[PDB]
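Colleague: Dumping the structure here so I can ask a few things about it.
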Amino acid sequence: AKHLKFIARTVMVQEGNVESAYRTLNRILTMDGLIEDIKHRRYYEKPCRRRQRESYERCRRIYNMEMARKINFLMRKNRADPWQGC
Amino acid sequence: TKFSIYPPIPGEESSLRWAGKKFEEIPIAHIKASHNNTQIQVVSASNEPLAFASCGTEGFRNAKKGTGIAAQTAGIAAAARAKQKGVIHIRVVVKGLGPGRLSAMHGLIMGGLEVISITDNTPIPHXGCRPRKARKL
Amino acid sequence: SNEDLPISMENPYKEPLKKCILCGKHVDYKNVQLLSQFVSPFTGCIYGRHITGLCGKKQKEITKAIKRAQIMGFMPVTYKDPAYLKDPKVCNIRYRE
Amino acid sequence: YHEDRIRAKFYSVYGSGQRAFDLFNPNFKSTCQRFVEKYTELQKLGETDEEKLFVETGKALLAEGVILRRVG
Amino acid sequence: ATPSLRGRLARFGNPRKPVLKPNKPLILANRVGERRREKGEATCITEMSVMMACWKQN
Amino acid sequence: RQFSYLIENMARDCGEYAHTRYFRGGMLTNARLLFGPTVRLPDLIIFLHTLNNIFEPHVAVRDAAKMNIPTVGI
Amino acid sequence: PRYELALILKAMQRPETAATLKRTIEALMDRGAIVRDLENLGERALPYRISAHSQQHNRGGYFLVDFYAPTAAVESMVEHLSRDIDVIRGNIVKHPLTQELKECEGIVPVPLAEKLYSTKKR
Amino acid sequence: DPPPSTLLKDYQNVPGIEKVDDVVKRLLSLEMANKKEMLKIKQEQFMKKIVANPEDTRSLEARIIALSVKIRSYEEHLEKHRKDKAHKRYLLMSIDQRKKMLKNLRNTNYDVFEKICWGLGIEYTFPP
Amino acid sequence: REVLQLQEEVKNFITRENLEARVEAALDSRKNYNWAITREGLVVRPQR
Amino acid sequence: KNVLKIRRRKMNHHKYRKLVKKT
RNA sequence: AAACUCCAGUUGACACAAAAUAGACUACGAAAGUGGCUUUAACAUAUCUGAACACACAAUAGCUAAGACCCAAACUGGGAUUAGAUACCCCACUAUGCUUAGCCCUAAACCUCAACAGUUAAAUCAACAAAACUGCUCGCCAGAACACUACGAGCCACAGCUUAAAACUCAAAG
Ligand code: FES
Ligand SMILES: [K+]
Ligand SMILES: [K+]
Ligand SMILES: [K+]
Ligand SMILES: [Mg+2]
Ligand SMILES: [Mg+2]
Ligand SMILES: [Mg+2]
Ligand SMILES: [Mg+2]
Ligand SMILES: [Mg+2]
Ligand SMILES: [Mg+2]
Ligand SMILES: [Mg+2]
Ligand SMILES: [Mg+2]
Ligand SMILES: [Mg+2]
Ligand SMILES: [Mg+2]
Ligand SMILES: [Mg+2]
Ligand SMILES: [Mg+2]
Ligand SMILES: [Mg+2]
Ligand SMILES: [Mg+2]
Ligand SMILES: [Mg+2]
Ligand SMILES: [Mg+2]
């Protein structure tokens, strides 16, 4: 309301490529957390349900970030069987 | 020069022109993408209404306004009325995550308007009014 | 006895502890150029430490300095001041890909 | 071991030389070990300071023809 | 880096209130989830729209 | 499995026996059914590797103790 | 103790800006303050539109006043600045340099938490 | 209350502070310090007036004096903040702790217990 | 040492005698608190 | 654990409050 | 569908309301609680344990009186659904959520794991859960149901809270 307009969340179109520009803007809003904030703000999330979701989202990150660290650690052993026949 | 996604600052001097008009002078297409309707108002850079079209004014009723095709039809209608008043290049400012968020801009492009930027003004309260209670579905 | 038995020391090869880029530097709310390096260019959102890479002590200092500068009339809230868009990029975030 | 202190400083100041470790040879002597052996020899003389003793060791090797390119 | 788990769970050593309340024990399973089928979307709405609009005109 | 061929040769050369393959359940504790009533079990079992291919103790270590067979193991 | 007054003044001509700064410094001294230094940070475009005293300001002069004052002076000085029509925004903070920067050795790494669940078979 | 001109406990014994400029003297005085700095001076005055060794801070006497200064600071805080429930608890706990300290001093050193009660104006009361 | 430093610093404090002169001097000068950090932890002061 | 013990107590309290209101 | 059309969109002005991001941090407080900014005051105890009742506190809801009112919202009204719909869905609006001054004193107030001091070796160990124990102290528990009940007593509470049984019944309850 007070801030200057056409500076925040504004993206310029390159060579009339609106699709690529919209995808870029949507990705900026996603990677900052705006899209997920807007959807959660439509209805009131009561404080107890918000804490239960944060705890769920936090435990999933940990598990998902530890599984991925193991996948990249074992990807080296996807090579062909070197002792084929034993 | 490398393309800058960042818009030209109004105060500083820029070489980017569209039909001899600076970024601060291009008319603005305000798109309100709600869950049930899409409203498009094209205004001049000096805040003078030029064209208005919504899914409701295009003959869609009830749940049929909240569709991509309905928003696209509103875009084409707004573009037609805006192009009569001399609008070619438009700065799109869309607020809301409704079904017609992207379709409305396609309609505007299909109608002969050129989009030079895409801004998001979706209102996000930083803490604000308590929203309605969750639906039991 | 024998002279070749291992002796008790502290790991002589131990590397020095890693320091955040702001370790030992004063974070002032007036220094908006520095503070702008840790906010989103599009939304003005404060980046988390997983993006900034700052230690816990400096992440708090930067957060508190931004919130002070913003309400005291030094820093914008909804976007990064366009003047500081060309400063050295120190945050590990990829927006265009 | 006592010499690990010397080895650590050598690797920090000079780094692993281009000479490659041959671990198959049970009697291989790396440039670092050569430094340790010389440094340990100069300590027997009676030098009680590391800085001076360390600097003197490097000079002895340069006289013998060893290439000691510091990281700097 | 993975978020820390020191003092996060309700354990006898932990004096503080629990940060995390995992329904399932935080222990990596020996399987990964299946690949999810992409939810289908209606294709060719734009091309359908232009054909139907011209029909109306002609 | 890097040493299955080497070990199987060493056994044949010294007139002894090697089992470097997947150890099927009951080879030692159910031998009379698997091999025959008059089968003679090993008197010594030498484990050149005591872990299986999931880094856990080879089942035969437990089974040798059940059958009172002394075991040598690296 | 030591404080810092971050004073955003209305964009005025030099004679009026000098009077306001004198007015402000004299108010500090009248309430028992010892003014240490005055720093001019320059006239800048305000980050956002500030409405003050029935005026909309888009530019302001940023000034800093370093002063020592009794603890009771702070509440009084804030009230004075509220009523000055040439001050867009005034905030008194404990001087940033009274707090001595603590010495940091670096980031101490924290390993994966262990023994969170029993080692029984599941 | 210590006059506002009283120099801070840290600078009262630095040599030559009586000859520094008046501006420097009021910058190192209680007027320009927080409330906690004036409480350190109150403690020193009680310690010198009552305790045999004003430098022994680990005796039951010094600890009763230090806690009594905190009790008074809580009573003054609560006179302005009458609905501060956290500090009302700190006051009531501090009063109970001093009663336990006074009971222990009365049981061990009665001659010094009388000097604590006189100097600090504490009237010992037997529990119900 | 702290008292001595303060006594030297108290000489250049604003008083009612030098107030007007010190206000004019402040209006002429500029003090910039802005500086940027790099990925290497080096301060890049502003060039203006 | 199931909430069968709570459910018995839930009904007892409900019927008690209704009785107190009625009389 | 009702509702609204004194409506909606753009722009400017504009709170006694609620506090994105930071927070992948895990800190403060006795607990309840505490996450916009600033300043003031300020976070008991140099052995530990020590109360349904003494003393001081204690989410939300509620009561008493006076204010504020964006939004949300029991109740209530309307629309729709339905065999019915005193609900679930839609719209409207009130008590209420906020401020000031007094009450009320409850919670799945639960991290259902008491305070303090130690230990990881033996039997580690019913099962599950969040591995198993030692010293010491206080509190509490002895089949289910009757029963967060009756009576008595206390309480600013008067359809309340705290304490809290028995008879009859059962061979299970868990
Ligand atoms: S690691 Fe030293 S302050 Fe960040
Ligand atoms: K906020
Ligand atoms: K109770
Ligand atoms: K619980
Ligand atoms: Mg569960
Ligand atoms: Mg019943
Ligand atoms: Mg209707
Ligand atoms: Mg106790
Ligand atoms: Mg009792
Ligand atoms: Mg209460
Ligand atoms: Mg109330
Ligand atoms: Mg409403
Ligand atoms: Mg109301
Ligand atoms: Mg709780
Ligand atoms: Mg206890
Ligand atoms: Mg313990
Ligand atoms: Mg009850
Ligand atoms: Mg009762
Ligand atoms: Mg009775
Ligand atoms: Mg009764």
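Residue names in the structure tokens use chain letters A, B, ... in the order shown, residue numbers from 1 in each chain, and ligand numbers from 1 in the order shown.
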Counting only C-alpha atoms (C1' of nucleotides), what is within 10 Å of residue B:79, bar same-chain residues fewer than 6 positions away, as a PDB file with N, CA and C atoms, in the first residue's frame?
Modeller:
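The resulting file, around.pdb, is reproduced below:
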ATOM      1  N   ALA B  29      -3.028  -4.090 -16.855  1.00  0.00           N
ATOM      2  CA  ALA B  29      -4.160  -5.017 -16.892  1.00  0.00           C
ATOM      3  C   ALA B  29      -4.263  -5.712 -15.537  1.00  0.00           C
ATOM      4  N   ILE B  40     -11.035  -8.738 -15.083  1.00  0.00           N
ATOM      5  CA  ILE B  40      -9.925  -8.091 -15.774  1.00  0.00           C
ATOM      6  C   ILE B  40     -10.319  -6.648 -16.043  1.00  0.00           C
ATOM      7  N   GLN B  41      -9.533  -5.711 -15.520  1.00  0.00           N
ATOM      8  CA  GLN B  41      -9.705  -4.289 -15.792  1.00  0.00           C
ATOM      9  C   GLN B  41      -8.400  -3.739 -16.345  1.00  0.00           C
ATOM     10  N   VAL B  42      -8.450  -3.213 -17.565  1.00  0.00           N
ATOM     11  CA  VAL B  42      -7.305  -2.550 -18.177  1.00  0.00           C
ATOM     12  C   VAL B  42      -7.416  -1.055 -17.911  1.00  0.00           C
ATOM     13  N   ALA B  51     -10.882  -0.675 -20.223  1.00  0.00           N
ATOM     14  CA  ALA B  51     -11.723  -1.817 -20.547  1.00  0.00           C
ATOM     15  C   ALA B  51     -11.925  -2.653 -19.294  1.00  0.00           C
ATOM     16  N   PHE B  52     -13.090  -3.290 -19.207  1.00  0.00           N
ATOM     17  CA  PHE B  52     -13.381  -4.232 -18.137  1.00  0.00           C
ATOM     18  C   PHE B  52     -14.123  -5.431 -18.707  1.00  0.00           C
ATOM     19  N   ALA B  53     -13.708  -6.626 -18.293  1.00  0.00           N
ATOM     20  CA  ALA B  53     -14.410  -7.848 -18.653  1.00  0.00           C
ATOM     21  C   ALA B  53     -14.198  -8.881 -17.559  1.00  0.00           C
ATOM     22  N   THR B  73     -12.099 -16.395 -22.188  1.00  0.00           N
ATOM     23  CA  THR B  73     -13.080 -15.601 -22.918  1.00  0.00           C
ATOM     24  C   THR B  73     -13.130 -14.173 -22.393  1.00  0.00           C
ATOM     25  N   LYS B  85      -9.343   1.400 -27.697  1.00  0.00           N
ATOM     26  CA  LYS B  85      -8.934   2.634 -27.044  1.00  0.00           C
ATOM     27  C   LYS B  85      -7.449   2.925 -27.210  1.00  0.00           C
ATOM     28  N   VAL B  87      -4.700   0.507 -26.780  1.00  0.00           N
ATOM     29  CA  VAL B  87      -3.784  -0.271 -25.955  1.00  0.00           C
ATOM     30  C   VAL B  87      -3.137  -1.349 -26.812  1.00  0.00           C
ATOM     31  N   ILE B  88      -1.809  -1.432 -26.752  1.00  0.00           N
ATOM     32  CA  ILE B  88      -1.064  -2.494 -27.419  1.00  0.00           C
ATOM     33  C   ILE B  88      -0.278  -3.267 -26.368  1.00  0.00           C
ATOM     34  N   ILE B  90       0.713  -4.053 -22.484  1.00  0.00           N
ATOM     35  CA  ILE B  90       0.076  -4.022 -21.173  1.00  0.00           C
ATOM     36  C   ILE B  90       1.011  -4.640 -20.146  1.00  0.00           C
ATOM     37  N   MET B 105      -4.511 -14.360 -18.998  1.00  0.00           N
ATOM     38  CA  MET B 105      -3.446 -13.722 -19.765  1.00  0.00           C
ATOM     39  C   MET B 105      -3.377 -14.275 -21.182  1.00  0.00           C
ATOM     40  N   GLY B 107      -5.960 -15.274 -22.889  1.00  0.00           N
ATOM     41  CA  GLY B 107      -7.024 -14.548 -23.561  1.00  0.00           C
ATOM     42  C   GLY B 107      -6.596 -13.155 -23.979  1.00  0.00           C
ATOM     43  N   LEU B 108      -5.872 -12.456 -23.104  1.00  0.00           N
ATOM     44  CA  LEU B 108      -5.398 -11.120 -23.445  1.00  0.00           C
ATOM     45  C   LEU B 108      -4.420 -11.166 -24.610  1.00  0.00           C
ATOM     46  N   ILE B 109      -3.572 -12.195 -24.658  1.00  0.00           N
ATOM     47  CA  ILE B 109      -2.628 -12.324 -25.762  1.00  0.00           C
ATOM     48  C   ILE B 109      -3.354 -12.752 -27.029  1.00  0.00           C
ATOM     49  N   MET B 110      -4.303 -13.682 -26.905  1.00  0.00           N
ATOM     50  CA  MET B 110      -5.081 -14.100 -28.066  1.00  0.00           C
ATOM     51  C   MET B 110      -5.874 -12.938 -28.650  1.00  0.00           C
ATOM     52  N   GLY B 111      -6.152 -11.915 -27.846  1.00  0.00           N
ATOM     53  CA  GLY B 111      -6.877 -10.747 -28.292  1.00  0.00           C
ATOM     54  C   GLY B 111      -6.026  -9.662 -28.909  1.00  0.00           C
ATOM     55  N   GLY B 112      -4.710  -9.843 -28.947  1.00  0.00           N
ATOM     56  CA  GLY B 112      -3.825  -8.932 -29.639  1.00  0.00           C
ATOM     57  C   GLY B 112      -3.045  -7.981 -28.759  1.00  0.00           C
ATOM     58  N   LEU B 113      -3.082  -8.156 -27.442  1.00  0.00           N
ATOM     59  CA  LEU B 113      -2.279  -7.352 -26.534  1.00  0.00           C
ATOM     60  C   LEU B 113      -0.960  -8.052 -26.232  1.00  0.00           C
ATOM     61  N   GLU B 114       0.085  -7.251 -26.042  1.00  0.00           N
ATOM     62  CA  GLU B 114       1.428  -7.747 -25.766  1.00  0.00           C
ATOM     63  C   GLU B 114       1.750  -7.515 -24.296  1.00  0.00           C
TER      64      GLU B 114
END
Colleague: Skipping near chain neighbours, those fewer than 5 positions away, what residues fall within 10 Å of residue D:55 using only C-alpha atoms (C1' of nucleotides), listed as a ChimeraX atom specification?
Modeller: /D:39,50,60
Colleague: Within 8 Å of ligand 16 (counting only C-alpha atoms (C1' of nucleotides) and all ligand atoms), which residues show up? I'd like them as a ChimeraX atom specification.
Modeller: /E:13 /K:116-118
Colleague: Take the residues just selected and output them with N, CA, C and O atoms (P, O5', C5', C4', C3', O3' and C1' of nucleotides) as a PDB file, in the first residue's frame.
Modeller:
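And here's part-v3.pdb as it stands now:
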ATOM      1  N   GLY E  13      16.568 -38.301  29.008  1.00  0.00           N
ATOM      2  CA  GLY E  13      17.650 -37.339  29.128  1.00  0.00           C
ATOM      3  C   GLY E  13      17.198 -35.920  28.842  1.00  0.00           C
ATOM      4  O   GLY E  13      17.710 -34.965  29.431  1.00  0.00           O
TER       5      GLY E  13
ATOM      6  P     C K 116      15.575 -32.098  39.704  1.00  0.00           P
ATOM      7  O5'   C K 116      16.611 -32.578  40.811  1.00  0.00           O
ATOM      8  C5'   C K 116      16.994 -31.714  41.869  1.00  0.00           C
ATOM      9  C4'   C K 116      17.772 -32.447  42.930  1.00  0.00           C
ATOM     10  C3'   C K 116      18.980 -33.231  42.447  1.00  0.00           C
ATOM     11  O3'   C K 116      20.118 -32.421  42.217  1.00  0.00           O
ATOM     12  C1'   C K 116      17.712 -34.579  43.902  1.00  0.00           C
ATOM     13  P     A K 117      21.143 -32.795  41.039  1.00  0.00           P
ATOM     14  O5'   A K 117      21.906 -34.076  41.596  1.00  0.00           O
ATOM     15  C5'   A K 117      22.570 -34.031  42.849  1.00  0.00           C
ATOM     16  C4'   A K 117      23.082 -35.387  43.256  1.00  0.00           C
ATOM     17  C3'   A K 117      23.823 -36.170  42.188  1.00  0.00           C
ATOM     18  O3'   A K 117      25.161 -35.744  42.012  1.00  0.00           O
ATOM     19  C1'   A K 117      22.286 -37.591  43.283  1.00  0.00           C
ATOM     20  P     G K 118      25.864 -35.910  40.580  1.00  0.00           P
ATOM     21  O5'   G K 118      25.433 -37.374  40.129  1.00  0.00           O
ATOM     22  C5'   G K 118      26.327 -38.220  39.428  1.00  0.00           C
ATOM     23  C4'   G K 118      26.285 -39.627  39.967  1.00  0.00           C
ATOM     24  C3'   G K 118      26.506 -40.732  38.948  1.00  0.00           C
ATOM     25  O3'   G K 118      27.873 -40.943  38.651  1.00  0.00           O
ATOM     26  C1'   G K 118      24.625 -41.255  40.269  1.00  0.00           C
TER      27        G K 118
END
Colleague: Using only C-alpha atoms (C1' of nucleotides) and all ligand atoms, what are the residues with an atom within 10 Å of ligand 9, set out as a list in words?
Modeller: residues 51, 52, 53 and 139 of chain K
Colleague: Write the residues of the selection above to a file with N, CA and C atoms (P, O5', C5', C4', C3', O3' and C1' of nucleotides), as a PDB file, in the first residue's frame.
Modeller:
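Dumped to out_31.pdb:
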ATOM      1  P     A K  51       5.420 -30.929  48.658  1.00  0.00           P
ATOM      2  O5'   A K  51       3.892 -30.750  49.074  1.00  0.00           O
ATOM      3  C5'   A K  51       3.154 -31.831  49.633  1.00  0.00           C
ATOM      4  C4'   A K  51       1.842 -31.371  50.220  1.00  0.00           C
ATOM      5  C3'   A K  51       0.968 -30.539  49.284  1.00  0.00           C
ATOM      6  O3'   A K  51      -0.406 -30.780  49.576  1.00  0.00           O
ATOM      7  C1'   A K  51       1.475 -29.273  51.194  1.00  0.00           C
ATOM      8  P     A K  52      -1.256 -31.811  48.691  1.00  0.00           P
ATOM      9  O5'   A K  52      -1.871 -30.898  47.542  1.00  0.00           O
ATOM     10  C5'   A K  52      -2.718 -31.446  46.547  1.00  0.00           C
ATOM     11  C4'   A K  52      -3.968 -30.622  46.385  1.00  0.00           C
ATOM     12  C3'   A K  52      -4.241 -29.611  47.490  1.00  0.00           C
ATOM     13  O3'   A K  52      -3.533 -28.398  47.313  1.00  0.00           O
ATOM     14  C1'   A K  52      -6.198 -30.863  47.074  1.00  0.00           C
ATOM     15  P     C K  53      -2.846 -27.663  48.565  1.00  0.00           P
ATOM     16  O5'   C K  53      -4.071 -27.278  49.503  1.00  0.00           O
ATOM     17  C5'   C K  53      -5.111 -26.428  49.037  1.00  0.00           C
ATOM     18  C4'   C K  53      -6.103 -26.128  50.130  1.00  0.00           C
ATOM     19  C3'   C K  53      -5.518 -25.425  51.353  1.00  0.00           C
ATOM     20  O3'   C K  53      -6.481 -24.531  51.907  1.00  0.00           O
ATOM     21  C1'   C K  53      -6.446 -27.494  52.006  1.00  0.00           C
ATOM     22  P     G K 139       3.979 -37.474  52.031  1.00  0.00           P
ATOM     23  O5'   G K 139       3.331 -37.441  50.580  1.00  0.00           O
ATOM     24  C5'   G K 139       2.738 -36.255  50.079  1.00  0.00           C
ATOM     25  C4'   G K 139       2.269 -36.422  48.657  1.00  0.00           C
ATOM     26  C3'   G K 139       1.299 -37.561  48.398  1.00  0.00           C
ATOM     27  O3'   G K 139      -0.033 -37.260  48.771  1.00  0.00           O
ATOM     28  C1'   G K 139       2.981 -37.585  46.751  1.00  0.00           C
TER      29        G K 139
END
Colleague: Let me have all residues with an atom within 10 Å of ligand 8, counting only C-alpha atoms (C1' of nucleotides) and all ligand atoms, laid out as JSON, numbers by chain.
Modeller: {"K": [45, 48, 49, 50, 115]}
Colleague: What's the 12 Å shell around residue K:133, counting only C-alpha atoms (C1' of nucleotides), without same-chain residues fewer than 4 positions away, as a PyMOL selection string?
Modeller: chain K and resi 118-125
Colleague: Skip residue F:59 itself and residues of its chain fewer than 3 positions away, then list as a PyMOL selection string all residues within 9 Å of it, counting only C-alpha atoms (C1' of nucleotides).
Modeller: chain F and resi 23+25+50-52+56+62-64
Colleague: With 8 Å as the limit and counting only C-alpha atoms, what residues in chain H lie close to chain G? Please list them as a ChimeraX atom specification.
Modeller: /H:27,31-34
Colleague: Output N, CA, C and O atoms for every residue in that selection, as a PDB file, in the first residue's frame.
Modeller:
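Output below, filename again-v6.pdb:
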ATOM      1  N   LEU H  27      29.237  11.426  34.066  1.00  0.00           N
ATOM      2  CA  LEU H  27      29.164  10.265  33.190  1.00  0.00           C
ATOM      3  C   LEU H  27      29.537   8.978  33.910  1.00  0.00           C
ATOM      4  O   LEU H  27      29.123   7.897  33.477  1.00  0.00           O
ATOM      5  N   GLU H  31      23.731   8.704  38.322  1.00  0.00           N
ATOM      6  CA  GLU H  31      22.677   9.324  37.526  1.00  0.00           C
ATOM      7  C   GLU H  31      22.634   8.745  36.119  1.00  0.00           C
ATOM      8  O   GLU H  31      21.553   8.567  35.547  1.00  0.00           O
ATOM      9  N   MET H  32      23.796   8.444  35.544  1.00  0.00           N
ATOM     10  CA  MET H  32      23.890   8.006  34.159  1.00  0.00           C
ATOM     11  C   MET H  32      23.951   6.490  34.034  1.00  0.00           C
ATOM     12  O   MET H  32      24.289   5.981  32.961  1.00  0.00           O
ATOM     13  N   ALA H  33      23.625   5.763  35.095  1.00  0.00           N
ATOM     14  CA  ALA H  33      23.670   4.310  35.105  1.00  0.00           C
ATOM     15  C   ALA H  33      22.273   3.751  35.333  1.00  0.00           C
ATOM     16  O   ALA H  33      21.347   4.461  35.734  1.00  0.00           O
ATOM     17  N   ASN H  34      22.131   2.456  35.072  1.00  0.00           N
ATOM     18  CA  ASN H  34      20.874   1.762  35.288  1.00  0.00           C
ATOM     19  C   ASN H  34      20.655   1.493  36.777  1.00  0.00           C
ATOM     20  O   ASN H  34      21.522   1.739  37.618  1.00  0.00           O
TER      21      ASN H  34
END
Colleague: Throw together the list of residues within 12 Å of ligand 1, counting only C-alpha atoms (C1' of nucleotides) and all ligand atoms, and drop it here as number ranges by chain.
Modeller: C: 16-27, 49, 52-62; G: 101-109; I: 41
Colleague: How far is it from atom CA of residue H:23 to atom CA of residue I:6, in Å with one decimal?
Modeller: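 Distance reported for this atom pair: 10.1 Å.
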